[PDB]
Number of protein chains: 2
Amino acid sequence: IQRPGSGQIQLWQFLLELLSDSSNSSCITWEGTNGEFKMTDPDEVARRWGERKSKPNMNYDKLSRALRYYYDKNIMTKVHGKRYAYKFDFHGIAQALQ
Amino acid sequence: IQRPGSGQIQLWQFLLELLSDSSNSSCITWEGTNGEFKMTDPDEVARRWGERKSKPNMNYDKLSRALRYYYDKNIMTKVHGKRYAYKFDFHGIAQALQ
């Protein structure tokens, strides 16, 4: 776990940070089913990630590629049939906290 | 979030810590459905919590009462139809990380 709001934060924790504050819902919001979320403005999520990390040329293409990497790590999966929807895996997140 | 293994740890984080290590499965284990777990030896979980917190007279009666408190906080719910089964709520856990 890194310090909330920090530049060293990992992507999984950054998305949980944005989700924890309902005022972010115009760009990213919980869906209601445990751990499932949707990027209501995926370009805005990518912009905010770019700004946190000060990474030039960050965009949704790059953000989605990073999210795909979490599947193998058991930290997240995509949700099919929905737009820009993903689901956190509690089993990998618990490990990521230690 | 507190330091893993610390005496100051909260109950929700202590249970995630035990769950993160599959070798604990004789007393507490993931069920497979996202966030659901079962206390395969609830008295052993209570003993380990008692030992972490150095709380005399800790027992399953007291542990279960603490778990009930998390329902109102949106951190956990009981699972009906199953023995000693509970489910973490990602929505309250995300907040608990900030």
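No hydrogens, no waters, no symmetry mates; every other heavy atom, side chains included, goes into these values. Chain A is the first sequence line, chain B the second, and so forth, proteins listed ahead of strands; every chain is numbered from 1.
Other residues, nucleotides and ligands contribute over 12 non-hydrogen atoms within 6.0 Å of the CZ atom of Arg65(B).
Atom CG of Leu97(B) sits about 10.0 Å away from atom CD of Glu17(A), to the nearest 0.5 Å. Note that the CG atom of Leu19(A) and the CD atom of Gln95(B) stand 11.0 Å from one another [nearest 0.5 Å]. Here the straight-line distance linking atom CG of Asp21(A) with atom CD of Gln98(B) works out to 9.0 Å at 0.5 Å rounding. Annotation: the span from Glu36(A) atom CD to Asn34(B) atom CG amounts to 10.5 Å, rounded to 0.5 Å.
Two residues are said to be in side-chain contact when any heavy atoms from C-beta on lie closer than 4.5 Å; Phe90(A) and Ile93(B) meet this criterion.
Taking each heavy atom of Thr33(B) and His91(A) in turn, the nearest pair found is O-NE2, 4.5 Å.
Within the 4.5 angstrom heavy-atom criterion, only side-chain atoms of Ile1(B), from C-beta onward, approach chain A.
Taking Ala94(B), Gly5(B), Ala96(B) one by one and counting their heavy-atom pairs under 4.5 Å with chain A, the maximum is reached by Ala94(B).
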